[PDB]
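Asks: Sending over a structure as structure tokens; questions will come in a sec.
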Amino acid sequence: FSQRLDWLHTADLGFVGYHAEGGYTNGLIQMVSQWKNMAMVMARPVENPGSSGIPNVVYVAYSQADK
Amino acid sequence: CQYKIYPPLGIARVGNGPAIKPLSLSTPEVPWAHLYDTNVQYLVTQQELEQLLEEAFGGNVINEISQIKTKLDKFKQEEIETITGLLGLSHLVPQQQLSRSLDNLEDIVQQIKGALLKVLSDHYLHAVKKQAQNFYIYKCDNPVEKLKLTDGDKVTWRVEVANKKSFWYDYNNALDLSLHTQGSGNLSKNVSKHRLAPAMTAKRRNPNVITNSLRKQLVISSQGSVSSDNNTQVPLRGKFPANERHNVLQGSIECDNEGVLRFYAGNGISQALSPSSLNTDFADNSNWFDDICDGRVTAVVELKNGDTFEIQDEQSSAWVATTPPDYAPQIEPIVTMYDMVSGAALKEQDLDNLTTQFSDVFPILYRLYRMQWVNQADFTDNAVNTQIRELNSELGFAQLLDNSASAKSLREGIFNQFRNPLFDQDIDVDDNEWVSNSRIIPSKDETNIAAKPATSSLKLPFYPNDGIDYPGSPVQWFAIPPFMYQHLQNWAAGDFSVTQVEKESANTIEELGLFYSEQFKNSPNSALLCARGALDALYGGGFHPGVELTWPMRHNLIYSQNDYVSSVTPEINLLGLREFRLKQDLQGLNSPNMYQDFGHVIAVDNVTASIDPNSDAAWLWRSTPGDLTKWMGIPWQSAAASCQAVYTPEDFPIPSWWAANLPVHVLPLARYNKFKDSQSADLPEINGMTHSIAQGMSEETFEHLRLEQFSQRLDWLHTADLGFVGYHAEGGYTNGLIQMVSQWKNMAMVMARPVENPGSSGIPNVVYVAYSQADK
Ligand SMILES: [Mg+2]
């Protein structure tokens with residue numbers, strides 16, 4: 001529950017691959033095509049959290065690279 | 001063996017001009033035929049567009065345009081696309097723009113023939129005309145006589161092409177540089193033997209596509225057939241990725257009533273699958289495709305009586321390859337692809353048995369001399385070209401045709417300025433490593449440690465070469481190949497012959513040039529002339545990778561046949577005429593080796609294995625469609641933009657790669673218009689000056705201004721906007737590669753133009769002027 005991912009890493013914004021440059025400017029350029037693949041946050045249930053400390057309603061980011 | 005195709009290796013060049021005869025060019029079928037033709041038009045002119053349009057208005061058309069004049073007494077969908085077609089022109093411009101051209105209207109013939117001339121000129125005005133190859137069927141006994149069709153007869157041509165650039169390996173350098181050999185006419189054994197420019201391993205292009213099955217998608221392919229009984233043009237259209245997805249016009253084919261095949265290349269369109277995928281490398285850019293092609297040309301001759309002759313063997317069939325445009329068609333490379341064919345069949349160790357006529361050496365001097373129109377070093381910094389000018393000054397050029405001792409010192413003094421392709425001069429040996437003591441071409445990655453001062457002069461020509469990657473290698477710089485160097489040494493020593501009629505036309509280099517030109521024009525073997533003419537405009541070095549083709553061409557193993565047959569004329573060799581043919585996979589596009597490779601890398605080890613024809617690798621030399629061009633840069637525009645100058649710390653001379661076909665320094669139109677007029681002209685503007693100013697100055701001064709203008713040469717890369725235009729424009733190498741994809745079609749085109757009265761200015765009667773929209 002505690003592992004949070006950079007939203008800019010939810011799709012390929014220029015940082016993927018051996019020696020990908022990544023960086024600010026490649027993110028601007030790649031977003032033109034990749035905006036439609038960025039993660040989409042949506043409320044989802046945890047039906048029996050028990051004593052874990054996870055709330056019954058979580059907000060989860062959905063993308064394809066995201067799993 | 002009864003019928004054969006010529007040329008054996010046809011060449012077609014891409015252009016955005018249309019694929020029609022009046023507005024296209026033809027690959028040379030005779031060497032040197034038009035070197036001084038001052039009426040050439042290698043870009044589509046307004047005149048050609050008007051005469052094209054007038055013909056389409058012949059002549060029914062006005063009849064039936066006045067048969068429409070009455071029933072308007074705007075247009076409308078139905079009378080739009082009836083006028084449309086009639087004028088046969090949607091094969092030139094999309095029907096829609098043709099229609100919204102007239103949809104938008106308000107002598108009726110003229111505003112039709114006027115609104116449509118505006119759409120034609122926007123599409124094609126100043127367009128790079130395509131250079132198409134004519135293929136001919138010849139009869140044999142050995143060719144003599146074209147084919148002549150009788151009524152009941154028919155020829156059917158077939159063509160299969162492919163582009164495998166995106167499928168193939170990175171181009172780092174020529175792999176044959178480390179291949180063990182006894183030496184050929186094109187490459188000395190010293191290069192490999194002494195490791196002067198080691199061949200480098202090369203990884204795959206588009207490496208993220210894995211498995212041979214999926215990599216087949218990286219190969220673009222197409223095929224078509226045309227006959228003598230129908231001159232309708234057939235497109236050669238493939239798709240990328242192969243069978244999202246873009247259509248790629250690889251070429252167009254046509255057959256006329258007489259049985260001659262005309263091959264047009266593509267429109268020069270290169271593109272990446274994503275706009276953000278930029279082509280920043282000179283050769284290896286993944287995610288890109290271009291419309292370059294090469295393939296297999298076959299035919300079937302079917303007669304009246306039903307006797308069918310099939311031309312599909314390798315000794316009788318032909319090949320075709322498309323290439324970038326020639327931006328200076330009348331300026332020949334110093335060493336051509338034909339020269340590599342000629343040298344491929346020769347052994348280095350047997351060059352002492354070669355025999356030389358002066359016509360064998362003249363082309364080197366003549367070509368190097370005419371390099372002055374495309375390269376500054378050869379205009380201002382080439383001691384041999386200046387000495388030739390001195391000879392012409394005195395009508396004394398014939399002295400170089402003198403084989404006697406009286407002329408030895410003169411012939412030697414020139415011969416000795418030329419680089420030796422043994423690559424064993426101007427070196428000091430470490431320990432063994434051969435290190436040049438002449439001027440090196442440094443890498444861009446600098447080391448702030450003082451250079452070792454050169455002790456030997458820089459030899460000719462001043463061009464980089466296949467070993468440019470290695471500072472201090474003698475192979476960083478280009479040498480004419482061993483067999484032509486042999487010709488030049490024989491000439492220097494006096495072991496050469498020449499006829500008296502040649503001496504009598506040799507007062508200047510130009511006088512002897514047109515004599516040798518007429519020899520070609522009156523040579524009787526049109527078949528072999530057409531085979532040579534197809535390759536004589538192509539470069540034959542250096543290969544990094546080159547412009548049109550690359551290093552596999554310099555090896556005899558790529559040819560199934562390569563034999564000398566004849567002098568150009570009985571007494572005048574002029575480097576000879578040869579019968580040559582490529583090794584071909586008779587299955588073509590359906591060959592099991594159409595998609596062969598060597599795994600994760602290619603290396604010289606693979607080429608070594610490919611020598612043995614029994615090997616798993618011998619397929620390398622048995623070309624399937626796409627095999628000749630796959631080595632070249634993808635897209636070709638980045639390679640061309642990289643095929644320019646390579647600057648040294650020393651300013652002069654400026655090294656240039658392949659300036660005969662991709663010029664480096666040109667004479668713009670704008671300068672031509674400032675020196676073509678004589679002071680006598682009766683114009684309000686004379687050479688860019690008012691009538692009053694031009695005629696008020698002394699004649700001395702007028703002529704000096706003419707030659708000052710003539711001497712202003714422009715960087716070819718500055719003839720269109722390649723990223724250097726505008727306030728705080730970055731310019732630079734990489735923006736050139738990127739912008740050439742769109743700007744190749746606006747680059748200046750060099751063409752011969754006249755100077756009616758040069759007077760005493762020093763300007764020649766024939767100049768070669770670079771035309772572009774920027775420089776006008
Ligand atoms: Mg040229």
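To be explicit about the labels: the chains of the structure tokens are called A, B, and onward in the order shown, and within each one the residues are counted from 1, while ligands get numbers from 1 in the order they are shown.
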For chain B against chain A, with a cut-off of 12 Å and counting only C-alpha atoms, what is the closest atom pair and its distance in Å to one decimal for every residue that makes the cut, ordered by chain and number, as a Markdown table?
Replies:
| residue | atom | partner | partner_atom | distance |
| --- | --- | --- | --- | --- |
| B:207 | CA | A:17 | CA | 11.6 |
| B:208 | CA | A:17 | CA | 9.8 |
| B:274 | CA | A:33 | CA | 9.0 |
| B:275 | CA | A:33 | CA | 9.7 |
| B:276 | CA | A:29 | CA | 7.1 |
| B:277 | CA | A:30 | CA | 10.1 |
| B:278 | CA | A:29 | CA | 11.8 |
Asks: Determine, counting only C-alpha atoms, which protein, DNA and RNA residues have an atom within 12 Å of an atom of segment 763-767 of chain B; residues of the same chain fewer than 5 positions away are not included. Present the result as number ranges by chain.
Replies: B: 35-39, 330-331, 370, 372-374, 389, 392, 510, 666-669, 671-673, 675-678, 703-711, 750-758
Asks: Could you give me, as a VMD selection string, every polymer residue with an atom at most 6 Å away from an atom of ligand 1, counting only C-alpha atoms and all ligand atoms?
Replies: chain B and resid 326 328 to 332 660 to 661
Asks: Could you turn the residues from that selection into a file that holds C-alpha atoms, as an mmCIF file, in the first residue's frame?
Replies:
data_model
loop_
_atom_site.group_PDB
_atom_site.id
_atom_site.type_symbol
_atom_site.label_atom_id
_atom_site.label_comp_id
_atom_site.auth_asym_id
_atom_site.auth_seq_id
_atom_site.Cartn_x
_atom_site.Cartn_y
_atom_site.Cartn_z
ATOM 1 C CA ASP B 326 22.391 13.534 -58.542
ATOM 2 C CA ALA B 328 25.269 17.828 -60.463
ATOM 3 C CA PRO B 329 24.640 15.332 -63.282
ATOM 4 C CA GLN B 330 27.366 16.759 -65.545
ATOM 5 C CA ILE B 331 30.034 16.569 -62.812
ATOM 6 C CA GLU B 332 31.388 13.008 -62.733
ATOM 7 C CA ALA B 660 30.527 15.413 -57.539
ATOM 8 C CA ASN B 661 27.031 14.173 -56.624
#
Asks: Taking only chain A into account, list the residues labelled helix (DSSP H, G or I) by DSSP (computed from the backbone), as a list in words.
Replies: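 Taking chain A and keeping helix (DSSP H, G or I) only, one gets residues 7, 8, 9, 23, 24, 25, 26, 27, 28, 29, 30, 31, 32, 33, 34, 35, 36 and 37 of chain A.
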Asks: List the spatial neighbours of segment 85-101 of chain B as a compact mmCIF listing (two decimals) with N, CA, C and O atoms, in the first residue's frame - criterion: any atom at most 9 Å away, only C-alpha atoms, same-chain residues fewer than 5 positions off excluded.
Replies:
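Okay, this is what ended up in around.txt:
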# COMPACT_ATOMS: atom_id res chain seq x y z
N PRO B 18 7.13 14.58 -61.46
CA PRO B 18 6.21 13.50 -61.83
C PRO B 18 6.87 12.45 -62.72
O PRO B 18 7.84 12.70 -63.45
N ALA B 19 6.28 11.26 -62.68
CA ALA B 19 6.81 10.11 -63.41
C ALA B 19 6.24 10.04 -64.83
O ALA B 19 5.60 9.07 -65.22
N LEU B 53 0.42 21.37 -70.12
CA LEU B 53 -0.99 21.69 -69.99
C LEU B 53 -1.64 21.96 -71.33
O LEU B 53 -2.75 21.51 -71.59
N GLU B 55 -0.89 20.68 -74.21
CA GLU B 55 -1.11 19.41 -74.88
C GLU B 55 -2.37 18.73 -74.35
O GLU B 55 -3.15 18.17 -75.13
N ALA B 56 -2.57 18.77 -73.03
CA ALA B 56 -3.78 18.18 -72.45
C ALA B 56 -5.04 18.86 -72.97
O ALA B 56 -6.11 18.24 -72.98
N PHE B 57 -4.93 20.12 -73.39
CA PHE B 57 -6.05 20.84 -74.00
C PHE B 57 -6.16 20.58 -75.50
O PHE B 57 -6.85 21.34 -76.20
N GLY B 58 -5.49 19.55 -76.01
CA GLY B 58 -5.61 19.22 -77.41
C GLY B 58 -6.51 18.03 -77.65
O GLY B 58 -6.20 16.93 -77.19
N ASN B 60 -10.16 18.26 -78.96
CA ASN B 60 -11.53 17.94 -78.57
C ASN B 60 -11.96 18.81 -77.39
O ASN B 60 -13.10 19.28 -77.31
N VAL B 61 -11.01 19.00 -76.48
CA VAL B 61 -11.32 19.58 -75.17
C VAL B 61 -11.95 20.96 -75.30
O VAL B 61 -12.93 21.25 -74.61
N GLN B 77 -20.60 19.64 -59.47
CA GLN B 77 -19.97 18.32 -59.35
C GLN B 77 -19.84 17.58 -60.68
O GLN B 77 -18.80 16.98 -60.97
N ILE B 80 -17.60 19.63 -63.11
CA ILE B 80 -16.26 19.60 -62.55
C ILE B 80 -15.64 18.35 -63.13
O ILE B 80 -14.93 18.43 -64.14
N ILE B 112 -9.73 28.29 -66.78
CA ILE B 112 -9.48 26.87 -66.55
C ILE B 112 -7.99 26.60 -66.69
O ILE B 112 -7.32 26.16 -65.75
N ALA B 115 -6.10 28.45 -63.55
CA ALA B 115 -6.31 27.94 -62.20
C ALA B 115 -5.65 26.58 -62.04
O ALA B 115 -5.19 26.24 -60.94
N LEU B 116 -5.58 25.79 -63.12
CA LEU B 116 -4.95 24.47 -63.05
C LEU B 116 -3.44 24.55 -63.23
O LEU B 116 -2.72 23.73 -62.67
N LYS B 118 -1.86 26.75 -61.81
CA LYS B 118 -1.45 27.16 -60.47
C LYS B 118 -1.32 25.97 -59.54
O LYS B 118 -0.43 25.95 -58.68
N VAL B 119 -2.18 24.96 -59.70
CA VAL B 119 -2.05 23.77 -58.85
C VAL B 119 -0.88 22.91 -59.32
O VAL B 119 -0.19 22.31 -58.49
N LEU B 120 -0.64 22.85 -60.63
CA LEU B 120 0.50 22.09 -61.14
C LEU B 120 1.81 22.67 -60.63
O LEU B 120 2.70 21.93 -60.18
N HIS B 123 2.61 22.02 -56.97
CA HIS B 123 3.05 20.65 -56.74
C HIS B 123 4.42 20.39 -57.33
O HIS B 123 5.21 19.65 -56.74
Asks: Would you list the contacts of residue 169 of chain B as a PyMOL selection string, taking every protein, DNA or RNA residue within 7 Å and counting only C-alpha atoms, but skipping same-chain residues closer than 4 positions in sequence?
Replies: chain B and resi 202-205+602
Asks: For a quick check of understanding, using only C-alpha atoms, which of B:494, B:467, B:759, B:513 has the smallest distance to residue 699 of chain B?
Replies: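 Among the listed residues, the smallest separation from residue 699 of chain B belongs to B:759.
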Asks: If you count only C-alpha atoms, which residues fall within 10 Å of residue 65 of chain A, apart from same-chain ones fewer than 4 positions away, as a ChimeraX atom specification?
Replies: /A:9-12,37-39
Asks: Those selected residues, please, written with N, CA, C and O atoms and delivered as an mmCIF file, in the first residue's frame.
Replies:
data_model
loop_
_atom_site.group_PDB
_atom_site.id
_atom_site.type_symbol
_atom_site.label_atom_id
_atom_site.label_comp_id
_atom_site.auth_asym_id
_atom_site.auth_seq_id
_atom_site.Cartn_x
_atom_site.Cartn_y
_atom_site.Cartn_z
ATOM 1 N N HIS A 9 6.049 7.995 -14.605
ATOM 2 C CA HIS A 9 6.547 6.672 -14.952
ATOM 3 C C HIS A 9 5.429 5.681 -15.260
ATOM 4 O O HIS A 9 5.705 4.481 -15.388
ATOM 5 N N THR A 10 4.168 6.127 -15.333
ATOM 6 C CA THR A 10 3.085 5.175 -15.600
ATOM 7 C C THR A 10 2.934 4.901 -17.092
ATOM 8 O O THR A 10 2.063 4.117 -17.498
ATOM 9 N N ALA A 11 3.726 5.587 -17.913
ATOM 10 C CA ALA A 11 3.813 5.305 -19.336
ATOM 11 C C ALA A 11 5.204 5.709 -19.797
ATOM 12 O O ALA A 11 6.003 6.242 -19.021
ATOM 13 N N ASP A 12 5.501 5.450 -21.066
ATOM 14 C CA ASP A 12 6.868 5.622 -21.572
ATOM 15 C C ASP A 12 7.026 7.069 -22.015
ATOM 16 O O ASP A 12 6.659 7.436 -23.139
ATOM 17 N N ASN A 37 -2.163 7.234 -22.335
ATOM 18 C CA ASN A 37 -1.750 6.037 -21.618
ATOM 19 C C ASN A 37 -1.338 6.315 -20.176
ATOM 20 O O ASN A 37 -0.950 5.380 -19.469
ATOM 21 N N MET A 38 -1.386 7.570 -19.721
ATOM 22 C CA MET A 38 -1.037 7.853 -18.336
ATOM 23 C C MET A 38 -2.044 7.195 -17.400
ATOM 24 O O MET A 38 -3.193 6.927 -17.767
ATOM 25 N N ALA A 39 -1.610 6.982 -16.158
ATOM 26 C CA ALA A 39 -2.448 6.293 -15.182
ATOM 27 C C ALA A 39 -3.681 7.113 -14.810
ATOM 28 O O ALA A 39 -3.625 8.343 -14.668
#
Asks: Using only C-alpha atoms, which protein or nucleic acid residues come within 9 Å of segment 730-747 of chain B? Drop anything in the same chain fewer than 6 positions from it, and give the result as a JSON list (two decimals) with N, CA, C and O atoms, in the first residue's frame.
Replies:
[["chain", "number", "residue", "atom", "x", "y", "z"],
["B", 15, "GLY", "N", 12.87, 11.53, -57.04],
["B", 15, "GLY", "CA", 12.61, 12.95, -57.20],
["B", 15, "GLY", "C", 11.13, 13.21, -57.01],
["B", 15, "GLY", "O", 10.29, 12.31, -57.22],
["B", 16, "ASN", "N", 10.80, 14.44, -56.63],
["B", 16, "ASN", "CA", 9.40, 14.81, -56.45],
["B", 16, "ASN", "C", 8.75, 15.30, -57.74],
["B", 16, "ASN", "O", 7.55, 15.58, -57.75],
["B", 126, "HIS", "N", 9.81, 23.75, -59.96],
["B", 126, "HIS", "CA", 11.15, 23.64, -59.40],
["B", 126, "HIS", "C", 11.42, 22.28, -58.78],
["B", 126, "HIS", "O", 12.45, 22.10, -58.11],
["B", 127, "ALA", "N", 10.55, 21.30, -59.00],
["B", 127, "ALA", "CA", 10.72, 19.98, -58.43],
["B", 127, "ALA", "C", 11.96, 19.28, -59.00],
["B", 127, "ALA", "O", 12.34, 19.45, -60.17],
["B", 128, "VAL", "N", 12.60, 18.49, -58.14],
["B", 128, "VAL", "CA", 13.68, 17.61, -58.58],
["B", 128, "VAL", "C", 13.08, 16.58, -59.52],
["B", 128, "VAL", "O", 12.30, 15.73, -59.09],
["B", 268, "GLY", "N", 10.91, 10.15, -53.09],
["B", 268, "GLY", "CA", 11.85, 10.60, -52.09],
["B", 268, "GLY", "C", 11.25, 10.86, -50.73],
["B", 268, "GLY", "O", 11.69, 11.78, -50.02],
["B", 269, "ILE", "N", 10.25, 10.09, -50.34],
["B", 269, "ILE", "CA", 9.56, 10.29, -49.07],
["B", 269, "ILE", "C", 10.18, 9.35, -48.04],
["B", 269, "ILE", "O", 10.20, 8.13, -48.23],
["B", 270, "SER", "N", 10.69, 9.93, -46.96],
["B", 270, "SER", "CA", 11.18, 9.19, -45.81],
["B", 270, "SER", "C", 10.41, 9.65, -44.57],
["B", 270, "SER", "O", 10.05, 10.83, -44.44],
["B", 271, "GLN", "N", 10.16, 8.73, -43.66],
["B", 271, "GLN", "CA", 9.39, 9.09, -42.48],
["B", 271, "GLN", "C", 9.64, 8.08, -41.39],
["B", 271, "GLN", "O", 9.96, 6.92, -41.65],
["B", 278, "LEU", "N", 13.61, 11.16, -34.28],
["B", 278, "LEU", "CA", 14.39, 12.00, -35.17],
["B", 278, "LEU", "C", 15.64, 11.26, -35.65],
["B", 278, "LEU", "O", 16.22, 10.46, -34.92],
["B", 279, "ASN", "N", 16.04, 11.56, -36.88],
["B", 279, "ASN", "CA", 17.11, 10.84, -37.57],
["B", 279, "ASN", "C", 18.44, 11.57, -37.37],
["B", 279, "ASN", "O", 19.00, 12.20, -38.27],
["B", 280, "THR", "N", 18.96, 11.43, -36.15],
["B", 280, "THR", "CA", 20.16, 12.14, -35.73],
["B", 280, "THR", "C", 21.47, 11.40, -36.04],
["B", 280, "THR", "O", 22.54, 11.96, -35.76],
["B", 281, "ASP", "N", 21.42, 10.17, -36.55],
["B", 281, "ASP", "CA", 22.63, 9.48, -36.97],
["B", 281, "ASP", "C", 22.75, 9.54, -38.49],
["B", 281, "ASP", "O", 21.74, 9.53, -39.20],
["B", 282, "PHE", "N", 23.99, 9.51, -38.98],
["B", 282, "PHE", "CA", 24.19, 9.60, -40.42],
["B", 282, "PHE", "C", 23.71, 8.36, -41.15],
["B", 282, "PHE", "O", 23.48, 8.41, -42.37],
["B", 325, "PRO", "N", 19.09, 11.73, -55.39],
["B", 325, "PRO", "CA", 19.29, 12.50, -56.62],
["B", 325, "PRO", "C", 20.76, 12.82, -56.85],
["B", 325, "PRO", "O", 21.55, 12.91, -55.91],
["B", 327, "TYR", "N", 22.73, 15.80, -57.72],
["B", 327, "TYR", "CA", 22.59, 17.25, -57.76],
["B", 327, "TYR", "C", 23.58, 17.97, -58.69],
["B", 327, "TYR", "O", 23.58, 19.21, -58.73],
["B", 635, "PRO", "N", 17.16, 7.15, -42.88],
["B", 635, "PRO", "CA", 16.79, 7.43, -44.28],
["B", 635, "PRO", "C", 18.01, 7.94, -45.03],
["B", 635, "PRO", "O", 18.97, 8.34, -44.38],
["B", 636, "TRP", "N", 17.99, 7.91, -46.36],
["B", 636, "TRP", "CA", 19.13, 8.38, -47.14],
["B", 636, "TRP", "C", 19.40, 9.88, -46.95],
["B", 636, "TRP", "O", 20.54, 10.32, -47.08],
["B", 637, "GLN", "N", 18.39, 10.66, -46.57],
["B", 637, "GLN", "CA", 18.58, 12.10, -46.46],
["B", 637, "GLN", "C", 19.60, 12.45, -45.37],
["B", 637, "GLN", "O", 20.39, 13.39, -45.55],
["B", 638, "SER", "N", 19.58, 11.73, -44.24],
["B", 638, "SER", "CA", 20.57, 11.97, -43.18],
["B", 638, "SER", "C", 21.99, 11.63, -43.67],
["B", 638, "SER", "O", 22.96, 12.30, -43.31],
["B", 639, "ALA", "N", 22.12, 10.54, -44.43],
["B", 639, "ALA", "CA", 23.41, 10.17, -44.99],
["B", 639, "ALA", "C", 23.92, 11.25, -45.93],
["B", 639, "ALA", "O", 25.11, 11.59, -45.90],
["B", 640, "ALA", "N", 23.04, 11.79, -46.79],
["B", 640, "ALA", "CA", 23.45, 12.86, -47.70],
["B", 640, "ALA", "C", 23.88, 14.10, -46.93],
["B", 640, "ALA", "O", 24.92, 14.69, -47.24],
["B", 641, "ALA", "N", 23.08, 14.52, -45.95],
["B", 641, "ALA", "CA", 23.43, 15.69, -45.13],
["B", 641, "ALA", "C", 24.75, 15.50, -44.40],
["B", 641, "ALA", "O", 25.40, 16.49, -44.01],
["B", 642, "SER", "N", 25.15, 14.25, -44.17],
["B", 642, "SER", "CA", 26.42, 13.91, -43.54],
["B", 642, "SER", "C", 27.52, 13.79, -44.58],
["B", 642, "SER", "O", 28.70, 13.72, -44.23],
["B", 716, "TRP", "N", 26.87, 24.39, -50.07],
["B", 716, "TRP", "CA", 25.66, 23.76, -50.57],
["B", 716, "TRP", "C", 24.61, 23.59, -49.47],
["B", 716, "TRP", "O", 23.41, 23.73, -49.72],
["B", 717, "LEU", "N", 25.04, 23.26, -48.26],
["B", 717, "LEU", "CA", 24.08, 23.10, -47.17],
["B", 717, "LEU", "C", 23.35, 24.40, -46.85],
["B", 717, "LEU", "O", 22.31, 24.37, -46.21],
["B", 718, "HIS", "N", 23.84, 25.54, -47.33],
["B", 718, "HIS", "CA", 23.16, 26.81, -47.13],
["B", 718, "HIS", "C", 22.21, 27.16, -48.28],
["B", 718, "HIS", "O", 21.70, 28.29, -48.32],
["B", 719, "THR", "N", 21.96, 26.25, -49.21],
["B", 719, "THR", "CA", 21.10, 26.56, -50.35],
["B", 719, "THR", "C", 19.63, 26.30, -50.07],
["B", 719, "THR", "O", 18.78, 26.59, -50.92],
["B", 720, "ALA", "N", 19.33, 25.72, -48.90],
["B", 720, "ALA", "CA", 17.98, 25.69, -48.36],
["B", 720, "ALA", "C", 18.09, 25.78, -46.85],
["B", 720, "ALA", "O", 19.19, 25.78, -46.28],
["B", 721, "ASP", "N", 16.94, 25.88, -46.19],
["B", 721, "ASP", "CA", 16.93, 26.11, -44.75],
["B", 721, "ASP", "C", 17.12, 24.76, -44.06],
["B", 721, "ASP", "O", 16.17, 24.00, -43.87],
["B", 722, "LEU", "N", 18.35, 24.48, -43.66],
["B", 722, "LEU", "CA", 18.67, 23.24, -42.96],
["B", 722, "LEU", "C", 18.88, 23.46, -41.46],
["B", 722, "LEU", "O", 19.66, 22.73, -40.83],
["B", 723, "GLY", "N", 18.19, 24.43, -40.88],
["B", 723, "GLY", "CA", 18.27, 24.63, -39.44],
["B", 723, "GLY", "C", 19.13, 25.78, -39.00],
["B", 723, "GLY", "O", 19.27, 26.00, -37.78],
["B", 724, "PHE", "N", 19.72, 26.52, -39.94],
["B", 724, "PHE", "CA", 20.61, 27.63, -39.61],
["B", 724, "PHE", "C", 19.95, 28.98, -39.81],
["B", 724, "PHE", "O", 20.56, 30.01, -39.50],
["B", 770, "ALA", "N", 24.34, 26.62, -59.65],
["B", 770, "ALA", "CA", 23.48, 25.91, -58.70],
["B", 770, "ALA", "C", 22.16, 26.67, -58.57],
["B", 770, "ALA", "O", 22.16, 27.86, -58.26],
["B", 771, "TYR", "N", 21.06, 25.99, -58.87],
["B", 771, "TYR", "CA", 19.73, 26.60, -58.83],
["B", 771, "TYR", "C", 18.99, 26.08, -57.60],
["B", 771, "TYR", "O", 18.86, 24.87, -57.42],
["B", 772, "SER", "N", 18.52, 27.01, -56.77],
["B", 772, "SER", "CA", 17.63, 26.73, -55.64],
["B", 772, "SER", "C", 16.79, 27.98, -55.42],
["B", 772, "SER", "O", 17.12, 29.07, -55.92],
["B", 773, "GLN", "N", 15.70, 27.84, -54.70],
["B", 773, "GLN", "CA", 14.81, 28.96, -54.47],
["B", 773, "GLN", "C", 15.39, 30.04, -53.57],
["B", 773, "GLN", "O", 15.04, 31.20, -53.65],
["B", 774, "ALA", "N", 16.32, 29.65, -52.75],
["B", 774, "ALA", "CA", 16.94, 30.55, -51.79],
["B", 774, "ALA", "C", 17.98, 31.49, -52.40],
["B", 774, "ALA", "O", 18.08, 32.66, -52.04]]
Asks: If you count only C-alpha atoms, which residues fall within 9 Å of residue 55 of chain A, apart from same-chain ones fewer than 4 positions away, as a count of residues only?
Replies: 3
Asks: Give me every strand (DSSP E or B) residue in segment 297-493 of chain B, going by DSSP on the backbone, as a ChimeraX atom specification.
Replies: /B:297-302,308-311,318-323,336,347,357,418,427-430,433-436,460,464,477
Asks: Please produce an output containing C-alpha atoms for each residue in the selection, written as a compact mmCIF listing (two decimals), in the first residue's frame.
Replies:
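And here is the file that came out, out_3.txt:
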# COMPACT_ATOMS: atom_id res chain seq x y z
CA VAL B 297 14.46 -7.38 -63.66
CA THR B 298 13.34 -10.22 -65.96
CA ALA B 299 11.34 -10.52 -69.18
CA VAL B 300 9.66 -12.98 -71.52
CA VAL B 301 9.77 -12.44 -75.30
CA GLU B 302 6.72 -13.96 -77.00
CA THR B 308 8.57 -17.92 -76.15
CA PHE B 309 11.98 -16.78 -74.88
CA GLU B 310 12.40 -16.30 -71.13
CA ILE B 311 15.12 -13.98 -69.83
CA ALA B 318 19.30 -7.45 -65.02
CA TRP B 319 19.05 -5.60 -61.71
CA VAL B 320 17.74 -2.18 -60.69
CA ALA B 321 18.65 0.10 -57.78
CA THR B 322 17.24 3.48 -56.77
CA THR B 323 19.39 6.13 -55.17
CA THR B 336 33.03 5.77 -60.55
CA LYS B 347 44.58 -8.88 -59.38
CA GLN B 357 46.68 4.58 -73.31
CA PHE B 418 48.61 11.78 -56.16
CA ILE B 427 54.15 6.89 -42.90
CA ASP B 428 56.40 6.13 -39.95
CA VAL B 429 56.16 2.60 -38.53
CA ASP B 430 55.57 2.11 -34.81
CA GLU B 433 51.43 0.12 -36.88
CA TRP B 434 51.55 2.44 -39.91
CA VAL B 435 51.11 6.04 -38.72
CA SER B 436 50.79 8.81 -41.30
CA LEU B 460 45.51 14.23 -53.95
CA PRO B 464 38.09 11.44 -46.88
CA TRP B 477 42.12 9.88 -47.15
Asks: Record the distance separating atom CA of residue 333 of chain B and atom CA of residue 562 of chain B, expressed in Å with one decimal.
Replies: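 Going from atom CA of residue 333 of chain B over to atom CA of residue 562 of chain B, I get 21.8 Å.
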Asks: Just give me the gap between atom CA of residue 188 of chain B and atom CA of residue 561 of chain B in Å, one decimal is fine.
Replies: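 These two atoms are separated by 22.0 Å.
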Asks: Expressed in Å to a single decimal, how great is the separation between atom CA of residue 7 of chain B and atom CA of residue 568 of chain B?
Replies: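 One can read the atom CA of residue 7 of chain B to atom CA of residue 568 of chain B distance as 16.5 Å.
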